[PDB]
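Asks: Sequence first, structure after, both from an experimental entry:
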2 protein chains.
Amino acid sequence: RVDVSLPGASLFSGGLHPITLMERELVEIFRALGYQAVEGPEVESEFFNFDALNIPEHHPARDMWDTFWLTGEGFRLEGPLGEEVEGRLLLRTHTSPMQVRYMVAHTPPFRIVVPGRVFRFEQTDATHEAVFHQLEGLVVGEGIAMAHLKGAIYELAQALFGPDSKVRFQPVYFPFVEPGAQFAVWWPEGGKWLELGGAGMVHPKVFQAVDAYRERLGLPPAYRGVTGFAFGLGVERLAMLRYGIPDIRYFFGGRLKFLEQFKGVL
Amino acid sequence: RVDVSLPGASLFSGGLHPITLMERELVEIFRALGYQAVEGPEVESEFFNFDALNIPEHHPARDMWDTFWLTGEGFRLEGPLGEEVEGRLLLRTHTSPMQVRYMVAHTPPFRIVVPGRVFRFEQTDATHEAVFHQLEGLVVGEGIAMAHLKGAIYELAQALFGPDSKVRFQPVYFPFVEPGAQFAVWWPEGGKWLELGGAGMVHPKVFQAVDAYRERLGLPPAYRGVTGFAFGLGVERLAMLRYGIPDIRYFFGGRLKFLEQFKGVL
Ligand SMILES: N[C@@H](Cc1ccc(Cl)cc1)C(=O)O
Ligand SMILES: N[C@@H](Cc1ccc(Cl)cc1)C(=O)O
């Protein structure tokens, strides 16, 4: 005889962070489309974070990213081909620099998605962080057109919001793409357009930067006769909409009563 | 003071079965190519396992599968659209019947991969089982050609054996495909051609079977103007080659000293 309705050994039950779940789902969505996930370093060179992406200093466009500038020596920032690069250190303001690193280290055609923690000097409120996550996308190859960028996002939406979802593209500006664009997806439930991220056809100058850096490293040009599209989307804003989180500050808050709430989710 | 090199609480450490790992890897390989995994029932109707696939009785081709015939009443075998079908019960001799079930329940274009336990009345030796696993593939859609079947397998190989791998196709016979084929992949390490599975362009009569069954269920024809390819490969033979298992009988042997050996693997 035993009271079988009696509690059992208190073995701990784990869980994954909301961002991990969201990032995972996103990565799966694109894996099904032939994209592979790779990461980049959080501490970057001004060259990779800005210059290589067609974003020079004193440029009005560089104001789109409030940079955290770093200092200190003894630190070894390593480049794409493992080599020891230089440049003013800073915390990457977006995952974009990674599409330059990847391109100098591989050859087209290819599909990549790169998730990552990004940093920006900004005031932390209920829907704004200085430390958040993005998910970049980059598909390069001969004959790649903007019709493909639009199809990718269409697929992203369907996968994220169902058959009654739909995408919308509006021209927007980014120094690393041309044509450039911002896209929104239709959220049937909340019944409204969510501005998800920006995108566009990789910029001529970005390809040139890649090949120039390649030469300097002894590699042969690989992006002379190919085109490609890239995109980037904020993760928290989407995780919040999706998991119904009211305050973006929770993610990095570390509160268990909060985190524990996502054990179930997948 | 504590002897920190002293054993800790003996919390149990789990593990996954070799077939699960192999099946998983296979499913991932194809997910990246846009395939989605679905399953079918182990107990089947002669109609789905044979007739629907262009394999009639007393046919010399039906001898390619030694069937386990079942008996007993009260059992409810459910069809594709959840309805209660009939026919002589048997243990499926391959996963193929599932490509008929899926097709009457959905519309093209699409990509599916269906893993599954199959049964065949055969003598169990070191490299032969009566109970094993297959992985079917079926890609239907307007304009689908044999050039695509060949590309899929090419991708399968690369993903399974590296850049120095290569595929080979030879004409072979199957009542449910035409052209029909058998394919082998080059295994650089062991340096030899491994005959992996059969494939081919879905047979006209299979599409007709699907649409006929659809009508009988009130659904409209969906496979009149589309073509498609399918393939099927034995899982154990591949898991063995891959994990270096000497005896196929181990998988269903249930021996822990055996299973425990795969905890690490992924
Ligand atoms: N990473 C950019 C978003 C982006 C725009 C365009 C492209 Cl093509 C890719 C990403 C940002 O931080 O605003
Ligand atoms: N399922 C078949 C193998 C197969 C052959 C051809 C195709 Cl198209 C698909 C699968 C068998 O059990 O032998």
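Replies: Done, it's in. Residues are numbered from 1 along each chain as shown, chains lettered A, B, ... in the order given. Ligands and ions are numbered 1, 2, ... in the order given.
Asks: shouldn't residue A:242 be in contact with residue A:21?
Replies: No - assessed by CB atoms under 8 Å, residue A:242 is found out of contact with residue A:21, at 9.0 Å. For every residue, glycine as well, the C-beta is placed using N, CA and C.
Asks: Whatever residue of chain A ends up closest to ligand 2: how many residues sit nearby?
Replies: Closest contact between chain A and ligand 2, by CB to the nearest ligand atom, is at residue A:32 (22.4 Å). Residues within reach of residue A:32, counting by other CB atoms under 10 Å in any protein chain shown, total 18.
Asks: What of residue A:126?
Replies: 11.
Asks: Excluding covalently adjacent residues, which one is nearest to it?
Replies: Closest residue to residue A:126 apart from its sequence neighbours, by CB to CB, 6 or more residues apart in numbering or on different chains: residue A:247 at 4.9 Å.
Asks: just residue A:202 next, same as before
Replies: residue A:228 (4.5 Å).
Asks: Can you classify that neighbour as helix, strand or coil?
Replies: strand (DSSP: H, G, I helix; E, B strand; the rest coil).
Asks: just checking, it touches residue A:138?
Replies: Yes - counting by CB under 8 Å, residue A:228 touches residue A:138, with 6.7 Å between them.
Asks: Identify the contacts common to those two.
Replies: Counting by CB atoms under 8 Å, 6 or more residues apart in numbering or on different chains, the contacts common to residue A:228 and residue A:138 are residue A:202.
Asks: picking up where we left off before, the residue of chain A closest to ligand 2 contacts residue B:27, doesn't it?
Replies: No - Residue A:32 lies out of contact with residue B:27 (CB under 8 Å); the separation is 11.5 Å.
Asks: what does the one helix or strand residue A:238 maps to rub up against?
Replies: If you go by DSSP states H and E, residue A:238 is part of helix A:236-243. Helix A:236-243 has contacts (CB under 8 Å, 6+ apart) with A:18-19, A:21-22, A:26, A:127, A:129, A:132-133, A:160, A:187, A:190, A:194, A:196, A:245-246, A:248, A:251, A:262, A:265.
Asks: now do 6 Å
Replies: A:18, A:22, A:132, A:248 (CB atoms under 6 Å, 6 or more residues apart in numbering or on different chains).
Asks: which of the residues you listed has the most neighbours?
Replies: Counting by other CB under 10 Å, top hit in those: residue A:22 with 24 neighbours.
Asks: Specify the beta-bridge partners of the residue in chain A positioned nearest to ligand 1.
Replies: Residue nearest to ligand 1 within chain A (CB to the nearest ligand atom): residue A:232, separated by 2.4 Å. Residue A:232 has the following beta-bridge partners by DSSP bridges: residue A:136, residue A:198.
Asks: Please report how far the residue of chain A closest to ligand 2 lies from chain B.
Replies: Distance, residue A:32 to chain B, by CB to the nearest CB, to the nearest Å: 6 Å.
Asks: The stretch 51-200 of chain A against ligand 1: which residues are in contact?
Replies: Contact residues, the stretch 51-200 of chain A versus ligand 1 (CB under 6 Å from any ligand atom): A:94, A:96, A:134, A:136, A:174, A:177, A:197-200.
Asks: Chain B: which of these is nearest?
Replies: Nearest to chain B out of these is residue A:136 (CB to the nearest CB; 18.5 Å).
Asks: what residue is smack in the middle of chain A?
Replies: residue A:135 (2.0 Å; CA atoms, centre = their mean).
Asks: The spatially closest residue to that residue that is not a sequence neighbour - how many residues pack around it?
Replies: Using CB to CB, 6+ apart and skipping residues adjacent in sequence, the residue nearest residue A:135 is residue A:115, 4.9 Å away. Residue neighbour count, defined by other CB under 10 Å, stands at 22 for residue A:115.
Asks: Same question for residue A:74.
Replies: 4.
Asks: so the residue nearest to residue A:202 bridges to which residues?
Replies: Counting by DSSP bridges, the residues bridging with residue A:228 are residue A:140.
Asks: I'd assumed residue A:204 was in contact with it.
Replies: No - counting by CB atoms under 6 Å, residue A:228 sits too far from residue A:204 to count as a contact (11.1 Å).
Asks: and those two? which has more neighbours close in?
Replies: Legend: neighbour count by other CB under 10 Å for residue A:228 and residue A:204, higher for residue A:228 (26 against 12).
Asks: check contacts around that one.
Replies: A:139-140, A:144, A:202.
Asks: can you check residue A:197 too?
Replies: Counted by CB under 6 Å, 6+ apart, residue A:197 has contacts A:231-233.
Asks: One more pass at 7 Å, please.
Replies: By CB atoms under 7 Å, 6 or more residues apart in numbering or on different chains, the contact list for residue A:197 reads A:183, A:231-234.
Asks: Which one (most neighbours) among those residues?
Replies: The most crowded member of the contacts of residue A:197, judged by other CB under 10 Å, is residue A:183 (26 neighbours).
Asks: and the contacts of residue A:228 as CSV, adding distance to residue A:37?
Replies: Putting the contacts of residue A:228 into CSV (distance: CB to CB, whole Å) gives the following:
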residue, distance to residue A:37
A:139, 13
A:140, 16
A:144, 19
A:202, 19
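Asks: Closest one to residue A:164 out of those residues, please.
Replies: residue A:139 (26.4 Å; CB to CB).
Asks: and that closest one, how many neighbours?
Replies: 24.
Asks: if we can go back for a sec, and the helix holding residue A:238, which residues are buried?
Replies: The neighbour-count check on helix A:236-243 (16 or more other CB atoms under 10 Å in any protein chain shown) flags A:236-242 as buried.
Asks: quick check, that helix touching ligand 1?
Replies: No - for helix A:236-243, no contact with ligand 1 is found by CB under 6 Å from any ligand atom; the gap never falls below 12.2 Å.
Asks: So which residues of chain A form strands?
Replies: A:36-37, A:43-45, A:68-69, A:89-91, A:110-119, A:131-141, A:167-170, A:177-187, A:192-202, A:227-234 (DSSP state E).
Asks: For these, could you give me CSV that also reports distance to residue B:110?
Replies: Shown next, in CSV, are the strands of chain A (distance: least, CB to CB, whole Å):
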stretch, distance to residue B:110
strand A:36-37, 23
strand A:43-45, 42
strand A:68-69, 47
strand A:89-91, 44
strand A:110-119, 21
strand A:131-141, 22
strand A:167-170, 21
strand A:177-187, 23
strand A:192-202, 26
strand A:227-234, 25
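Asks: residues in contact with residue A:163?
Replies: Residue A:163 touches nothing, counting by CB under 7 Å, 6+ apart.
Asks: State the distance from it to residue A:154.
Replies: 12 Å (CB to CB, to the nearest Å).
Asks: list the contacts for residue A:109?
Replies: A:140-142.
Asks: any idea how far residue A:5 lies from residue A:35?
Replies: The value you get for residue A:5 to residue A:35, if CB to CB is used, is 49 Å.
Asks: the more surrounded of those two?
Replies: More neighbours surround residue A:35 than the other of residue A:5 and residue A:35, with 20 against 5 (other CB under 10 Å).
Asks: The more buried one against residue A:110, yeah?
Replies: No - look at residue A:35 against residue A:110 with CB atoms under 7 Å: they stay out of range, at 9.0 Å.
Asks: Pull out the buried members of the contacts of residue A:109.
Replies: Using 16+ other CB under 10 Å as the burial test, these include residue A:140 as buried.
Asks: Which single one of the contacts of residue A:109 is nearest to residue B:208?
Replies: residue A:141 (39.0 Å).
Asks: Need the nearest residue in space to the closest one, chain neighbours excluded.
Replies: Residue A:141's closest residue in space is residue A:109 (CB to CB, 6+ apart), at 2.8 Å.
Asks: ditto for residue A:182
Replies: residue A:172 (3.8 Å).
Asks: Now do the contacts for the one you found.
Replies: A:180-182, A:198.
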